[PDB]
Protein chains: 4
Amino acid sequence: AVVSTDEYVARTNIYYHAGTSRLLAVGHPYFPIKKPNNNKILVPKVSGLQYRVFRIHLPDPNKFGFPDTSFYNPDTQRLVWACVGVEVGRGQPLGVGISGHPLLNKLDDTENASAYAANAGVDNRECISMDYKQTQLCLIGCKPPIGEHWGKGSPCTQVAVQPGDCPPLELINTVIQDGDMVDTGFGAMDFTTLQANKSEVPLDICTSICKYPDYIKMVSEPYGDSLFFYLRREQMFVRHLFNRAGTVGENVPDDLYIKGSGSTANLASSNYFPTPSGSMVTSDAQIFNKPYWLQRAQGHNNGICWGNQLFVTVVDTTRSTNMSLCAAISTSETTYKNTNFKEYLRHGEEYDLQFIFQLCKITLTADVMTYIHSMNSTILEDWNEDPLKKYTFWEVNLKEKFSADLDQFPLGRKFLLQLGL
Amino acid sequence: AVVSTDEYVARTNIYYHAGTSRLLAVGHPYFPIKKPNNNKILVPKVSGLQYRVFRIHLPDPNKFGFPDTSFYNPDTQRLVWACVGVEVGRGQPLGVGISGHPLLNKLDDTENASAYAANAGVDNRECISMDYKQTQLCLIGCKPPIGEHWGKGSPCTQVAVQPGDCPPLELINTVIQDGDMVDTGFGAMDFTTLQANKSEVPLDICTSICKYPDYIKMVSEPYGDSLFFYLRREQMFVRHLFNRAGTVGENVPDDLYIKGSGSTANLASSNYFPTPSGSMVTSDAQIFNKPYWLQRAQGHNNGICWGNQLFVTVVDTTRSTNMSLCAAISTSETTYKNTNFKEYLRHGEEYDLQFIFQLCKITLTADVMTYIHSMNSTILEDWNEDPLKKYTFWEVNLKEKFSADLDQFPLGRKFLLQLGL
Amino acid sequence: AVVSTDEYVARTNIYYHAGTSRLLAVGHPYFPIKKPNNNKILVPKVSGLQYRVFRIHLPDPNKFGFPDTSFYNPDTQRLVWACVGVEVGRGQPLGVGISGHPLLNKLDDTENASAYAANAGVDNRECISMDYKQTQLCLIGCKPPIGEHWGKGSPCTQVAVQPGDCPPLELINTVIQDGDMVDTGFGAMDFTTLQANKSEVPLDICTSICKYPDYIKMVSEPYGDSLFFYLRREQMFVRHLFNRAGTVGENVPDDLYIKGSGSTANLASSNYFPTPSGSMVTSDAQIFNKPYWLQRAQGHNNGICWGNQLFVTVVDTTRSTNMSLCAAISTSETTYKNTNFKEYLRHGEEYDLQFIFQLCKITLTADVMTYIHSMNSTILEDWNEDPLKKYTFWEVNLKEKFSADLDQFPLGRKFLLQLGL
Amino acid sequence: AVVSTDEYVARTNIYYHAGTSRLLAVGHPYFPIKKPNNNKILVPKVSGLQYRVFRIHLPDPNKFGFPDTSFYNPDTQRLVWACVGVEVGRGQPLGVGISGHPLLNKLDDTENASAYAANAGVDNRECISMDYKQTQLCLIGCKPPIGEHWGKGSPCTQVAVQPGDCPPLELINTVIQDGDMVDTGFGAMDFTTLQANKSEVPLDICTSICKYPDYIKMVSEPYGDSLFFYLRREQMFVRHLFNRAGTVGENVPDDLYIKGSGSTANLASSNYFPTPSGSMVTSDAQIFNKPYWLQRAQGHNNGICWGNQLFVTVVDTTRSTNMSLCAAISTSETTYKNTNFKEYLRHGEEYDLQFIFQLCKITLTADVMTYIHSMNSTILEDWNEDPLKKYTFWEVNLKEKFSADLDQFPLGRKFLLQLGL
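How each quantity is defined
Residues numbered from 1 in each chain as written, not as in the entry; some residues may be left out. Chains lettered and ligands numbered in written order. Part of a larger assembly, values for the part shown. Heavy atoms only, no water. UniProt positions renumbered as here; feature names shortened; annotations may be inferred. Helix = DSSP H or I, 4+ residues; strand = E, 2+ residues; numbered from the N terminus. Areas by Shrake-Rupley, 256 points an atom, 1.4 Å probe, with all protein chains shown as cover. Least-squares fit on C-alpha atoms. Contact = heavy atoms within 4.5 Å. Core = buried A, V, L, I, M, F, W, Y, C linked by side-chain atoms within 4.5 Å. Buried < 20%, exposed > 50% of the residue type's maximum accessible area, 1.4 Å probe, protein only. Pairing = 2+ DSSP bridges. Buried area = accessible area lost by both parts, 1.4 Å probe. Polar contact = N/O pair within 3.5 Å; in protein donor to acceptor, adjacent residues only side chain to side chain. Salt bridge = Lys/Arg side-chain N within 4 Å of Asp/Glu carboxyl O. Nonpolar A, V, L, I, M, F, W, Y, C, P; charged D, E, K, R; others polar. Arc of directions from axis to C-beta. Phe/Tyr/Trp six-rings, centres within 6.5 Å; stacked < 30°, edge-to-face > 60°. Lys NZ or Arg CZ within 6 Å of the ring centre and 35° of its normal. Patch = residues over 30% accessible without salt bridge, like charges linked within 9 Å, V, L, I, M, F, W, Y side chains within 5 Å. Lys, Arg positive; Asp, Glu negative; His and termini not counted. Charge placed at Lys NZ, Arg CZ, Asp CG, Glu CD. Disulfide = S-S within 2.5 Å.

Per the PDB entry, chain A carries the name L1 and comes from Human papillomavirus type 16. UniProt's Sequence similarities (unreviewed entry) comment on chain A is quoted here verbatim: "Belongs to the papillomaviridae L1 protein family."

**Details of the overall build of chain A**
When its secondary structure is counted, chain A shows 7 helices and 22 strands. With the C-alpha coordinates aligned to their principal axes, the bounding extent of chain A is approximately 90 × 70 × 45 Å. When the accessible surface of chain A is totalled, it reaches about 19300 Å², and 53% of it is carbon and sulfur.

**Observations regarding the relation of the copies chain D and chain C**
Between the two copies of the chain lies a relationship made up of a rotation around an axis and a movement along it. At an RMSD of 0.0 Å, chain D and chain C line up after a rotation of 72 degrees and a shift of 0.2 Å along the axis. Taken together, these values place the two copies in the relation of a five-fold axis. Residue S279(D) of chain D places its C-alpha closer to the rotation axis than any other residue of that unit, at 9.1 Å. Both copies present different contact surfaces, since only 7% of the interface residues of chain D are interface residues in chain C too.

**What about the nonpolar core?**
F54(C), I56(C), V88(C), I140(C), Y292(C), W306(C) and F355(C) are the most contacted members of the largest nonpolar core, which totals 55 residues. By size, the runner-up hydrophobic cluster in this structure holds 54 residues, among which are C138(B), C360(B), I379(B) and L398(B).

**Observations regarding the sheet that holds strand β11 (residues 169-175) of chain A**
Read across the open sheet, the 4 strands follow the order β11-β10-β13-β12 (chain A); overall the sheet is mixed. A single partner strand is all that each edge strand has here, and the edge strands are β11 and β12 (181-182) of chain A.

**Describing the sheet that holds strand β13 (residues 210-213) of chain D**
Residue and element names in this part refer to chain D. Strand order in the open sheet formed by 4 strands is β11-β10-β13-β12, and the pairing between neighbours is mixed. Bordering the open sheet on either side are β11 (169-175) and β12 (181-182), each of which pairs with just one other strand. Summarising the sheet, β12 and β13 pair through 2 bridges and their orientation is parallel. Note on β13: the bridge partner recorded for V182 is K211.

**Focus: the interface of chain D and chain C**
Between chain D and chain C, the residue contacts involve 84 residues of the former and 74 residues of the latter. A buried area of about 6700 Å², summed over both sides, lies between chain D and chain C, and 56% of it is on carbon and sulfur atoms. In this assembly, chain D and chain C are joined by 36 residue pairs in polar contact. Every element with two or more residues in the side of chain D that touches chain C is listed here: β10 (146-152), β11, α4 (215-220), β14 (229-236), β15 (240-243), β16 (247-248) and β17 (272-275) of chain D. Note: strand β18 (residues 281-282) of chain C against β14(D), 2 bridges, orientation antiparallel. Note that in β14(D) the partner of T282(C) across the bridge is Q235(D).

**Things to note about the interface of chain D and chain B**
Where the parts come together, the accessible area they lose is often given as the size of the interface. Counting residues at the interface gives 4 residues for chain D, matched by 4 residues for chain B. In total, about 270 Å² of surface goes out of reach between chain D and chain B, with carbon and sulfur atoms giving 67% of it. Of all residues in chain D, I258(D), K259(D) and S261(D) bury the most surface against chain B, accounting for 90% of the area lost on that side. Across the chain D-chain B interface, the total number found is 0 salt bridges. For the interface between chain D and chain B, the tally reads 1 residue pair in polar contact. A per-class count over the side of chain D that touches chain B returns 1 nonpolar, 2 polar and 1 charged.

**So, the pattern of salt bridges**
Pairs can form between side chains of opposite charge once their charged atoms are near each other. Counted by the stated rule, this structure contains 68 salt bridges over all chains. Its salt-bridge partner being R55(A), residue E395(A) comes within 3.0 Å of it at the nearest N-O pair. Residue class for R55(A) comes out buried when judged on its relative accessible area of 4%. For the salt bridge of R346(A) with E250(B), the shortest nitrogen-to-oxygen distance reads 2.4 Å. Residue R346(A) is located in strand β21 (residues 341-363), and its partner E250(B) is located in the loop between β15 (247-248) and β16 (272-277); the two belong to separate chains. Like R346(A), the residue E250(B) is buried in the burial classification.

**Examining helix α5 (residues 366-376) of chain A**
Residues and elements named next belong to chain A. Taken together, the buried positions of α5 are occupied by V368, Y371, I372, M375 and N376. Down the axis of α5, the buried set is contained in an arc of 95 degrees. They therefore lie on one face. Seen from the buried face of α5, the exposed residues on the opposite side, beyond 90 degrees, are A366 and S374. Here the buried face of α5 lies against α1 (5-8), β21 and α6 (378-382).

**Notes on the packing of aromatic side chains**
Using the criterion set out here, one finds 111 aromatic pairs over all chains in the structure. Ring centres of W81(D) and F402(D) lie 4.8 Å apart, and the angle between their planes is 50 degrees; on these two criteria the pair is classed as tilted. On the basis of relative accessibility, which here comes to 12%, the residue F402(D) falls in the buried class. An aromatic cluster of three or more residues is present, and its members are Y16(A), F64(A), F66(A), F71(A), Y72(A), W81(A), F355(A), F357(A) and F402(A). A cation over an aromatic ring shows up here: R90(A) above the ring of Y351(A), its NZ or CZ 4.1 Å from the ring centre.

**Here we look at the environment of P168(A)**
Residues and elements named next belong to chain A. Within the secondary structure layout, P168 lies in the loop between β10 (146-152) and β11. On the basis of relative accessibility, which here comes to 32%, the residue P168 falls in the partly exposed class. When the C-alpha atoms of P168 and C156 are compared, they prove to be 9.3 Å apart, with 12 residues separating the residues in sequence.

**Observations concerning a negative patch on the surface**
Where like charges cluster on the molecular surface, the negative patch consists of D405(A), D407(A), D6(B) and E7(B). Mapped onto the fold, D6(B) is located in helix α1 (residues 5-8).

**Considering helix α7 (residues 410-419) of chain A**
Residues of α7(A) that are buried include every one of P410(A), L411(A), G412(A), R413(A) and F415(A), and no others. Next to the buried residues of α7(A) lie β1 (10-19), β6 (77-90), β18 (291-293) and β21 of chain A together with α4 (215-220) of chain B. One or two steps after α7(A), the chain reaches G420(A), where phi turns positive at roughly 55 degrees.

**Topic: unusual backbone geometry**
Residue and element names in this part refer to chain D. Backbone geometry places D123, a non-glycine residue, at a positive phi of 55 degrees. Residue placement: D123 occurs in the loop between β7 (99-104) and β8 (126-130). Given the relative accessible area of 29%, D123 is considered partly exposed. Positive phi outside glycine occurs at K198, with the angle close to 65 degrees.

**Description of the pairing of strand β9 (residues 134-141) of chain B**
It is a general feature of regular strands that their side chains alternate between the two faces of the sheet. All names here are of chain B. Counting buried positions along β9 yields 8 of 8 residues, so the element is predominantly enclosed. Taken together, the 7 bridges between β9 and strand β14 (residues 229-243) define a ladder with antiparallel strand orientation. Looking at β14, one finds that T135 is bridged to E234.

**What about a nonpolar patch on the surface?**
On the surface, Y116(A), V252(A), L256(A) and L267(A) cluster together into a nonpolar patch covering about 380 Å² of accessible area. Tracing the backbone shows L256(A) in the loop between β15 (240-243) and β16 (272-275).

**Quick notes on the state of the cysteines**
All names here are of chain A. Summed over all chains, the structure comprises 0 disulfides over all chains. With no disulfide of its own, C210 lies 11 Å from the sulfur of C206, the closest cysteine sulfur. Overall, the relative accessible area of 0% leaves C210 in the buried class.

**Overview of the pairing of strand β7 (residues 99-104) of chain C**
All names here are of chain C. The buried fraction of β7 amounts to 6 of the 6 residues, a majority that puts the element mostly inside the structure. Across 4 bridges, β7 lies against strand β8 (residues 126-130) in antiparallel orientation. By the bridge assignment, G100 is partnered in β8 with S129.

**What to know about the side chain of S269(A)**
Summarising the element assignment, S269(A) is placed in the loop between β15 and β16. A polar atom in the side chain of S269(A) sits 3.2 Å from the backbone nitrogen of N271(A).

In structure tokens, the structure reads:
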């Protein structure tokens with residue numbers, strides 16, 4: 001049986017504040033700029049539509065040097081940091097971005113038509129953009145976040161997959177890495193392996209995987225380390241209703257309609273797809289720049305940062321403004337020429353993480369050691385190399401950032417005022 | 001260590017009211033009107049999209065002439081004014097402005113297209129306007145406000161910048177001056193140094209810098225003098241989705257799409273940009289014409305106006321109505337002729353600041369003098385020339401506006417009723 | 001020094017109810033219908049966009065005939081009516097009007113253009129309508145309401161105003177009269193003297209003055225008689241973005257853009273103007289048909305109706321429905337002919353004012369008489385001709401409408417129930 | 001003087017529940033289907049835009065057969081039913097209808113025009129539909145509901161009405177009958193007698209009278225029998241802005257504009273009219289399927305059902321979905337032919353009324369008999385033919401529906417739970 005950490009984790013009266021200075025990220029909104037011949041990334045892809053997964057490193061409270069150490073017995077017990085307060089500061093002005101594709105697979109406008117559309121020739125793709133669905137979310141836990149998305153499932157050993165055959169789906173659980181993309185209105189799927197077309201969605205998600213937090217799975221998690229607190233806010237509506245060019249993969253059963261004739265003799269593509277639109281963004285609806293007091297967790301792990309680690313996942317599309325900056329090739333002619341100017345796109349993100357940590361102690365009794373050993377043997381081994389080297393996240397080092405004077409920091413003042421004593 | 005002003009600043013029982021008569025500002029909404037041959041400003045640029053930074057001058061409480069002076073010892077202590085109540089009155093009717101550019105860099109409409117767009121020739125710019133993002137904000141402190149914006153960073157001494165190369169970005173902290181522009185939906189950046197084009201955004205921000213309050217930095221500030229109170233309200237949504245004319249600064253990696261042919265042989269500009277729109281404006285959402293009671297500050301400076309100064313920054317786009325007024329060149333002909341009427345544009349802004357100040361005393365002990373000295377030496381030096389002469393703000397002199405009869409003023413009545421005694 | 005009326009005005013226990021039967025107003029929405037050769041008004045202009053200023057006449061409590069007169073001494077004191085409850089009843093169904101101009105100065109649509117617009121010829125005016133900004137407001141006091149609007153200021157004696165020169169602006173305070181127009185989305189200004197064009201705005205405000213309540217000034221008012229209670233609710237958003245035909249009054253500084261060529265050689269009018277739109281109207285947002293209890297006024301005059309007068313200003317555009325009614329010239333032919341039907345427009349407004357008044361007494365001591373004398377000498381003179389004959393308002397006589405049985409009226413029941421005893 | 005019923009009506013402890021089984025109404029949304037040669041109605045007009053006035057018949061408590069009759073003296077007193085709880089159940093899914101006219105008087109689109117419209121020829125009417133304004137309302141009382149609407153007033157005996165002259169208006173109070181139409185966005189008027197055109201509004205109100213509850217009058221009513229409880233919810237916004245074809249009934253005063261020339265020589269119709277639109281319909285905004293506890297009435301009649309009658313007026317346009325059903329003339333050909341299918345329209349309405357009644361007793365003293373006699377002589381006469389035979393309403397008989405076991409019904413359980421004892 002699993003038990004609340006409140007059972008075996010003792011709470012001291014010591015609190016420390018810790019915060020990143022001010023994280024900054026600048027890059028191209030849709031794709032990374034690199035040397036054609038090369039593969040080294042010159043400019044990275046930085047979009048408001050990517051997940052930001054911060055791997056927070058905390059100083060080992062056992063190796064740490066406290067002014068007083070009488071508060072615990074280093075022989076019978078050990079120390080762990082407990083996250084009690086978080087403030088995800090965001091810094092750019094609110095605004096909405098926009099993504100498209102020069103060759104988006106969009107046949108005709110099916111929202112309203114005055115006459116039957118012509119006939120699909122070869123490549124009827126259009127240059128089209130859209131404002132993605134709005135999403136604000138924040139996940140906190142001592143284990144990285146887990147997402148779900150639809151990918152291409154493995155086929156059954158029978159009927160040989162005829163070329164062009166529809167690929168099988170499979171919900172795939174994955175670890176959400178820093179830089180991954182969020183569902184933008186086309187659901188959470190792997191567009192690379194499910195869309196040979198390469199033109200069904202805008203460039204920025206076009207050959208990526210849009211993942212959705214698997215909240216269900218994470219909360220079911222027995223120990224609940226992956227996430228002990230979260231805030232989600234997503235909204236979306238249909239801006240336009242389109243058709244997909246291409247060829248019928250699956251025909252419309254004729255028992256569903258009466259054959260036409262002349263123009264209506266041939267059925268138009270009924271492979272419709274809508275254009276998303278996350279409406280207006282607003283201050284009143286902000287999730288960030290507000291402190292989160294992680295006092296009572298719904299999981300058994302009540303904010304204990306086992307391994308002196310801490311994960312903070314964030315997605316904020318309420319500051320997705322992309323800025324176009326163009327340089328002139330010549331500063332002479334007083335006559336505009338498109339060609340005299342090179343147009344570019346850049347997007348900036350501004351973060352500022354702040355935390356309030358509470359020192360905790362664990363008396364290593366038999367039972368406790370058995371439990372903690374079962375739960376996560378590494379805990380004890382590390383007490384008296386990176387297991388997630390495969391994954392990549394925004395590394396954040398706070399080992400030199402802890403301060404006992406909450407007083408001197410904004411999140412600190414807030415915490416004191418909130419907790420009174 | 002920094003400490004709350006409540007530690008060393010003593011609160012008396014004397015309160016004074018002070019207020020501007022009624023500030024008025026009239027000018028052209030997009031640019032200043034001046035003599036061509038000259039440079040003297042004939043008509044200033046006045047827009048609802050500019051920051052209004054008021055530099056409030058208060059009479060030195062030490063030089064002031066109070067009816068009674070027994071309440072303190074002018075030998076052991078000194079006097080400082082503490083802001084306890086503010087009312088930013090606004091006076092025009094609610095309404096929304098509008099800004100454009102006769103030659104805005106807008107290729108084609110990418111929100112929905114029935115056929116692949118033509119081909120960029122020379123100068124495809126269009127005369128286009130838009131309703132900027134709505135913004136309401138008020139910053140109060142004893143130091144001028146600080147903003148952030150993206151500008152052209154200094155290049156790394158290596159690869160010689162090829163003409164037309166994309167310029168490097170750099171978040172630049174600046175002092176927000178009266179007259180500066182607010183992000184309008186294109187983010188906070190220096191369009192002059194980041195867009196040689198001179199046609200990416202409407203005239204009014206076209207060659208300006210749109211700055212955004214750096215709330216994070218200001219609140220991090222140790223003493224918290226720059227701002228001890230603020231209200232922010234911003235909203236925005238995507239009205240239109242466009243394309244940028246010009247030449248590819250950075251090409252779309254071909255692993256992101258399948259080459260076209262014929263018309264779709266040549267990739268259309270995927271340098272999209274959206275048109276902002278701050279929706280409807282409403283009374284229920286007003287931030288002004290309401291009193292603010294600065295009783296408990298989140299910073300250590302609890303509204304103490306060191307230097308007998310006080311800063312009030314405001315941005316209100318909920319009264320951005322521009323009025324067109326045209327005069328006839330001739331009052332004869334009874335037949336309209338566009339030729340016979342000169343069309344103009346003017347915008348008016350109406351303010352009315354009101355404050356409630358509480359007298360305070362500081363016993364100049366050793367420790368206190370050491371602290372205040374470290375904090376801001378000028379404090380003591382001034383006690384028993386302008387350090388921000390470089391910057392410009394709406395100067396407001398209140399030295400002859402203090403009154404002990406709160407009773408006689410609207411903000412004063414509100415204050416008494418609110419504070420009971 | 002001014003003082004609250006609670007100081008010198010005594011409150012009796014007598015309460016009276018008074019109310020208009022049901023005021024009704026019918027006329028043409030845009031302009032008055034009169035005899036061409038004549039000037040007598042045949043049908044008046046009645047629009048939901050006009051101010052309704054009611055001049056309420058009360059019976060002199062001193063001349064009044066009460067059943068009992070022991071409650072006061074007619075030698076040492078005098079009587080005044082105090083307004084304690086008001087109910088502005090409105091009666092038509094909720095709905096939105098619409099106003100336009102057959103020759104509105106609207107060059108091209110600047111919200112989105114696919115090619116550079118043609119060239120302004122002679123008279124490019126269009127027949128255009130719009131739905132004005134929604135406004136609901138109610139002002140109550142014992143003095144008429146005061147508004148503000150921009151008008152043509154007086155010129156400085158220097159540079160002879162060249163014909164067509166932009167006229168100078170000046171905020172002008174005025175008395176708000178019954179029938180005046182409310183800002184409709186083009187701000188509060190005098191379109192007659194500021195727009196020679198006569199085609200900048202719809203007919204109904206085209207040659208009128210749109211005034212806005214000068215809430216700041218009225219509340220600053222020392223005695224606060226002009227308004228001791230108010231409710232305001234206004235909202236508006238940009239429906240369309242247009243261009244103004246006519247000739248450049250002020251040219252666009254060339255440092256703001258790069259000269260064009262060919263079609264873009266000539267700059268298009270950058271004299272943009274938006275089309276307003278007061279969104280949806282709703283019950284939940286109604287201000288009227290609700291009682292207002294004027295118990296504690298923010299001004300010094302706590303609802304005392306000096307002069308036995310009372311002003312109730314209202315503006316309600318949530319019932320601005322205009323109804324078109326056409327009569328057939330012939331009732332024969334069974335074939336429609338536009339020539340056979342004369343189309344017209346009419347708008348109806350329905351009001352019903354109800355009040356609860358509390359009798360008050362003033363012992364005429366020396367000090368009291370000095371005060372009241374300074375405040376408004378007429379008070380005393382009238383105690384033991386019309387000073388606003390110049391202005392016009394909906395005259396309402398209630399001298400025969402007072403009743404001591406609040407019980408018998410809806411506002412009266414409400415009042416009793418509210419005030420318990 | 002009038003007095004609350006609480007004065008002379010005694011409340012017993014007996015409560016009964018009563019309810020309609022499930023009322024159902026099906027018909028054509030715009031007009032009744034009848035035999036051409038005949039006049040008998042084959043299919044009635046059933047629309048979500050009609051008023052539903054239910055005439056509820058209750059069993060005479062005096063003739064009723066109670067198990068116990070000791071609770072009162074049949075010699076000195078009489079019995080009356082008092083309505084204490086109502087639940088207007090609605091049953092179809094939420095949805096919005098739509099109404100139009102094949103020949104609607106709509107000249108041109110005046111919301112935005114690129115060139116001056118052509119010229120009105122003969123009959124420029126268009127086939128146009130719209131979504132009416134949303135309205136939810138419920139009126140309850142013991143007298144039928146009263147409405148107001150504008151109709152053709154009687155002319156003054158002077159200037160002989162020239163044919164085509166604009167007809168005079170007059171607010172007309174009427175009894176609201178079951179089947180009457182609700183203002184749909186064109187206000188409350190008699191379109192038959194005020195629009196010879198017969199094409200100004202959609203078919204469904206085209207030759208009807210749209211009435212609006214005269215809330216003001218009904219509440220002013222001395223005894224307050226017509227309505228002792230009500231709920232109203234209405235919203236509407238302008239979807240389109242149009243022009244009216246026809247001929248100028250009243251010309252535009254030339255002092256309001258500058259004569260045009262060429263195309264603008266002739267003024268276009270400035271008889272604008274907007275197209276309504278009651279926005280989205282929502283559950284959260286439902287008024288029905290909720291119980292109403294009529295405990296304290298604002299009128300003097302506190303829910304007493306004199307005459308053992310009860311009126312429940314309802315208007316619900318949140319379930320106005322019309323369903324088109326077409327039958328094939330031939331089930332052969334496998335090729336669509338518009339001529340092979342007959343298209344129709346039908347609309348269904350589903351109600352379910354539920355009430356909780358409280359038995360009351362009245363000791364017939366002198367005074368009481370004088371009062372009741374004055375109030376409504378029929379009361380006494382009926383105690384120990386139909387006066388509204390001329391009007392119509394959905395007759396509802398509940399004489400056999402009363403049950404003492406509230407327990408056994410949903411409204412009953414709710415009532416008990418709400419009233420505790």
